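These notes are about the structure you will find just below.
There are 2 protein chains.
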Amino acid sequence: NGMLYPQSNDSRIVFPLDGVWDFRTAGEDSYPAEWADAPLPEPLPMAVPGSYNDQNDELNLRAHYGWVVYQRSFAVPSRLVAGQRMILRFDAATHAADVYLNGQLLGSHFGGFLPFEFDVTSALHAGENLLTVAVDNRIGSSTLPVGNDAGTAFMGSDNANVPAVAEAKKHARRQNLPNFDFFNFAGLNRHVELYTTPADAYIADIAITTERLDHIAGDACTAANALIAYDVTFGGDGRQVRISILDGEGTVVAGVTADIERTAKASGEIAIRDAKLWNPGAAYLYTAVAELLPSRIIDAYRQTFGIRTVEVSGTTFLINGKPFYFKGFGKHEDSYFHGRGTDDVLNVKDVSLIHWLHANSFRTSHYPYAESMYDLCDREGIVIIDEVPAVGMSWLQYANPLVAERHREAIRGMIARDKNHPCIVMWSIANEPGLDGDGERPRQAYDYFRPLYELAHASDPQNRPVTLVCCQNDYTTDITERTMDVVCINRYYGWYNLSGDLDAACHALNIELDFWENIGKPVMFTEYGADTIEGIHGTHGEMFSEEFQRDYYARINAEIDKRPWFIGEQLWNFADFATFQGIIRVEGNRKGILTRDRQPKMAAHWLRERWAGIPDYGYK
Amino acid sequence: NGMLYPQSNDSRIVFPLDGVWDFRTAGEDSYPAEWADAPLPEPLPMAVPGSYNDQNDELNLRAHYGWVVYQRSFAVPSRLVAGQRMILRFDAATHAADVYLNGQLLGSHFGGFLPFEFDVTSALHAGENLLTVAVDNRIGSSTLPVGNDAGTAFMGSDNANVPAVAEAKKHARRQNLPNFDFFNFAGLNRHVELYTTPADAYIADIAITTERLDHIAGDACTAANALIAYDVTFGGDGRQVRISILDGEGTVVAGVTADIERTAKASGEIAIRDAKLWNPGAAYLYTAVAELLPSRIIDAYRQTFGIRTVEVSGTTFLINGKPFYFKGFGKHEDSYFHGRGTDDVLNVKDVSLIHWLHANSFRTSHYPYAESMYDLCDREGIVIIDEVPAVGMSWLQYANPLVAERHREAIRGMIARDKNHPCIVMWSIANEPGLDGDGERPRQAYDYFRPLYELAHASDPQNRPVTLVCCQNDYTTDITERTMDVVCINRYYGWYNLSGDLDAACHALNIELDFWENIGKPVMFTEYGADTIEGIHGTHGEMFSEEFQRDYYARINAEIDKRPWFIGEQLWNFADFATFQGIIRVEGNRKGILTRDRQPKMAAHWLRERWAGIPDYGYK
Ligand SMILES: O=C(O)[C@H]1CNC[C@@H](O)[C@@H]1O
Ligand SMILES: O=C(O)[C@H]1CNC[C@@H](O)[C@@H]1O
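Here the protein sequences line up with chains A and C, keeping their order.
Mapped onto the entry's author numbering, the consecutive letters of the first sequence carry residue numbers -1 to 235, 274 to 298, 303 to 334, 342 to 667.
Mapped onto the entry's author numbering, the consecutive letters of the second sequence carry residue numbers -1 to 235, 274 to 298, 303 to 334, 342 to 667.
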């Protein structure tokens, strides 16, 4: 279950395998087996990590349907593999992968946004090793995220009653049709690395929780006492682990030696006096150093954490007992050449833009992001809502056992990967599933999602709030969204309805806010916005102008400011991003307040001024 | 000398000749004179009024050098012409024109921005008449506006030391090289019309002046008494003219009968009790109706006017005795298909944008505008600085008597055309002539311009202030600008110098403002700005971004606000406009706060908010 990010220390070394690999496209539903057994014939270069789709302009890899095959060679000194346990980790392969080393199948994985690994201790040999990775991009009614098996991509146009169209559909080239509004970027989107651990006994997992804070300071910077809990899991085979707690300067401030008991596990609690708390806008990180003891150390791992509590109380969202207000947006992992490929230069820039805007938060719309972004937000004081790739779902998916299992895998896998981050304050178990309607449909949706809500709570040792991000719907027949811990709504009054009429949009919004006012839950926007082409201007801004986007937020935000139970504003989107092509997507989704190259539109400046005057705590 | 705009009434009729004419291009230095004798061979269509340059995409008329020939036919009933004096009026033919009617050369005109007319009574005949107009676009060292005889256009790039460049220049196609930063649009840019007056005696010119205001209300809306004077000139041959003054509702509020004395003139004064004054932001217009008396009326003309005084006093600019502050910009007559062609839809729209912006004024950079725009600003309460086409001048021109004569012609013609407009508060006798330097250059410039300053004063019966718009220069050796009635300066600190460094730009500006503080004259900007491409954005705006343009005005305006003697801010420009092509002009000049299609950039919104808070009177 543990998926600790690979670390190098006195006991452990990481050997990255990123770089320019060999690559070939393959078939709609197969690829040649012999490509795992010998060097790829006539290979193309392909950089990893990165989506493959925008890395070759001679081919139209955006249109590719099915498999591709990556390959590279590598060699490491026998000295450093001798006696060690050898693990090959894929941070992400989107969506499914088969992995081979030296002509041997290592195994496969489904799930394009979470890491997986293989023990290669026995498949490795000295000299050059040949690593082959086949990656499948296909999506459909059984995948998360969901594809459409026929018809159109999400918000695509059709003339389905025209006989010629119906007939041409039967013979059209197979293409993935996302039931979600972002491009289906595929390939080795995140890092690949070989790493070592000791073989006889090793640290497999660590969970740190903030159990209780006694007497939090008025400014929330410290607490008189913090009770933290640790849970260390071991692999391999009267043994002990030493746990040292280091503060922000590396000083040892606490330490215990705990007994390992047979899963081999050690768990306990540690009191940290005068603890320095983690807050939005004021991060503070500790390190838990776990050392497996035999003066010598057998194994070690350093786990960053921050001390803070999260609690929903009535219509408030309390961080360290203080009423928080979210300011931010949904993001995407999306950029020009990389596609969905992780890029830490861009992550660093985006975090600085979050600060420039005076925002404090975002959601990982619509899939878990690369692990390095959460470390960055841990150090930079930015709060995250962590979301699984359960986007595009409807009643067709609720009746499918395979989908339900993939959904539980994604929830368990996201929380197992991300549980130690102090920046994560809430889990989202889906984006815009179908919840409303007549007959049994609302109850069917509820019966599908309630066990997943329970699973997210059971899986997280911090027991953080759980939400489900709700599409614009008939809120009077949806019986699911109102049962979440925080109500997170996506609304486009004045854009997809009441188009351009901000008076009517605000009237409609206020009618629905009157509905939520009586529910007793904290409510926030997780999306709202307007497609905007930079450089389109008007004195009376119409849809797609920079002025209309600014006016849109000015009018809507004035209405939610009147509601004390409305605890956050996350807009859509941080920045323009790529989508499947169609008649409503002008080079992708243009609801960004920043352009795809991260330049600010008029509305970004307006928002920056607004958010500069809204405090993280106590706004409401 | 009078050029009253043609009017239709019981004594007079106007027959417009606009529409789609026939057109041919001709030679660099000649056209076929026989084209006036018969319909043009194989003619192109060409709408009038309009520049010709953008009306044909099969030809490259922007590259044309030399002559073109317009032609059309017309017929009018014998009853219309019988007994009448028939005048053919060209509102503007840019730059020079030869006019033929039924093969007879009527005459020629130089000066591309002011009207001229011919008596055609004897050249007309019954049935179809054939009107042929040859128009010359050429500019050079003796024209106003000034062209360069060799080298490059204004702020063009060159590599003049490369031998191949020097040689190719000798054989390059002839092309006009503007020594001014706007495109040399040519042709019948303004209306053409045939009009009638009585033949025996007729009204030839009217001047109305505001002589004195007694007891002006605190809000300047009225005066207890206003003394106005009239001066009517007659043509033809104990006769009398009735002068009636009509208020805003058409009510005759005053009337006098004057004796015509011989060059036939009638002159006198009228006192208007509780006169409603014309003010920026609060226009009020009277009509002076002059009726030539024999029961019957022989001739009549209705002249609009507004009652207001203009006086420079110390460092203030007094309208109706109140300290005025200019808010506005230089403009251009420039638009997509029309070029420099007059377009009243666009004039109406532009005056509404001036109100939207909360501006109160503009300058007719860099030529007299179409007459209809001044009538519009009369009714809409927008102040005008009226400027002759003396742009591009330096010491080569001051030594040329043909240029001095053309310059005197332009000044007399502008003031004779425009003297009755209340919206005009100041005359500009040149834009950015060479004034500074060493040796005898500063004195030579002074001796050239001082007589023209005196000429503008002698020509205007209202005796309004006279300025010269000064280019960015060494203000310590320029001895001419400081002798103007208002000092009008164009400054581009932080754009063309100290580029992008707004701290240094403001420091430089303050050093020069310290200079003008000691001179003791009222000072205003007539230009300052930054080229800006809509849709270019940055968090720290660099040159060409929307943010830089906004920051430019925010920083510069903060500095002039500290100077009580700085009486106005006219920026460059209202809207992006066309120029000769070159390496610093991205589809023309982009210093507009509006795009060429009149859409607001970020700076326009900022300036609108600034100008909303600055009163027309009493800001300083
Ligand atoms: O339509 C939109 O702009 C948004 C609607 N909510 C879901 C987003 O993925 C999508 O991009
Ligand atoms: O350089 C500029 O942008 C301006 C400088 N002053 C004169 C203007 O005609 C010109 O357009």
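Beta carbons: idealized from backbone N, C-alpha and C, even for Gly.
Rounded C-alpha distance that separates residue i from residue j
i: residue 605 of chain A; j: residue 641 of chain A; result: 22 angstroms
i: residue 308 of chain A; j: residue 291 of chain A; result: 11 angstroms
i: residue 18 of chain A; j: residue 128 of chain A; result: 14 angstroms
i: residue 513 of chain C; j: residue 538 of chain A; result: 60 angstroms
i: residue 184 of chain A; j: residue 476 of chain A; result: 22 angstroms
i: residue 231 of chain A; j: residue 38 of chain A; result: 40 angstroms
i: residue 56 of chain C; j: residue 153 of chain C; result: 29 angstroms
i: residue 459 of chain A; j: residue 275 of chain A; result: 29 angstroms
i: residue 569 of chain C; j: residue 562 of chain C; result: 13 angstroms
i: residue 632 of chain C; j: residue 579 of chain C; result: 11 angstroms
i: residue 95 of chain C; j: residue 363 of chain C; result: 43 angstroms
i: residue 83 of chain C; j: residue 203 of chain C; result: 16 angstroms
i: residue 4 of chain A; j: residue 404 of chain A; result: 33 angstroms
i: residue 419 of chain A; j: residue 352 of chain A; result: 14 angstroms
i: residue 412 of chain A; j: residue 143 of chain A; result: 12 angstroms
Any non-hydrogen atom of ligand 1 within 7 angstroms of residue i CB
i: residue 177 of chain A; result: no
i: residue 269 of chain A; result: Coordinates for residue 269 of chain A are absent, as chain A skips straight from 235 to 274.
i: residue 302 of chain A; result: Note on chain A: consecutive modelled numbers read 298 then 303, so residue 302 of chain A has no coordinates in the structure shown.
i: residue 434 of chain A; result: no
i: residue 479 of chain A; result: yes
i: residue 180 of chain A; result: yes
Neighbour list for residue i in chain A, Cβ cutoff strictly below 8 angstroms
i: residue 582 of chain C; result: 580, 581, 582, 583
i: residue 642 of chain C; result: 584
Reduced DSSP category for residue i - H, G, I as helix; E, B as strand; rest coil
i: residue 607 of chain A; result: helix
i: residue 517 of chain A; result: strand
i: residue 531 of chain C; result: coil
i: residue 214 of chain C; result: strand
i: residue 452 of chain A; result: helix
i: residue 324 of chain A; result: coil
i: residue 355 of chain A; result: coil
i: residue 87 of chain A; result: strand
i: residue 542 of chain C; result: coil
i: residue 318 of chain A; result: coil
i: residue 578 of chain A; result: coil
Closer than 7 angstroms at the beta carbon, the chain A residues around residue i
i: residue 646 of chain C; result: 584, 585
Heavy atom of ligand 2 within 7 angstroms of residue i beta-carbon
i: residue 634 of chain C; result: no
i: residue 537 of chain C; result: yes
i: residue 638 of chain C; result: yes
i: residue 412 of chain C; result: yes
i: residue 619 of chain C; result: yes
Within chain C, partners of residue i - CB distance below 8 angstroms
i: residue 403 of chain A; result: 586
Partner residues on chain C for residue i, Cβ-Cβ distance less than 9 angstroms
i: residue 649 of chain A; result: 584, 593, 649, 652
Would the region 441 to 456 of chain A and the region 375 to 383 of chain A be scored as touching if the rule is three or more Cβ pairs under 8 angstroms?
-> Here the region 441 to 456 of chain A does not lie against the region 375 to 383 of chain A, with fewer than 3 beta-carbon pairs under 8 angstroms apart.
Cβ pair count under 8 angstroms reaching 3, the region 159 to 179 of chain C against the region 444 to 459 of chain C = Under the 8 angstroms Cβ criterion, the region 159 to 179 of chain C does not count as touching the region 444 to 459 of chain C, having fewer than three qualifying pairs.
Flag this pair as touching only if the region 170 to 190 of chain A and the region 280 to 287 of chain A have three or more C-beta atom pairs under 8 angstroms; answer yes or no.
-> Because the criterion of three Cβ pairs below 8 angstroms is not met, the region 170 to 190 of chain A and the region 280 to 287 of chain A do not touch.
Do three or more CB pairs link the region 510 to 528 of chain A to the region 482 to 494 of chain A at distances below 8 angstroms?
-> Using a Cβ-Cβ distance cut-off of 8 angstroms, the region 510 to 528 of chain A and the region 482 to 494 of chain A are in contact, since at least three pairs of beta carbons, one from each stretch, lie closer than that value.
Looking at C-beta atoms only, is the number of pairs between the region 205 to 218 of chain A and the region 96 to 115 of chain A that lie closer than 8 angstroms three or more?
-> Not touching, per the Cβ criterion.
Should the region 594 to 602 of chain A be called in touch with the region 536 to 551 of chain A, which here means at least 3 C-beta pairs below 8 angstroms?
-> Between the region 594 to 602 of chain A and the region 536 to 551 of chain A, the count of Cβ pairs shorter than 8 angstroms is three or higher; the stretches touch.
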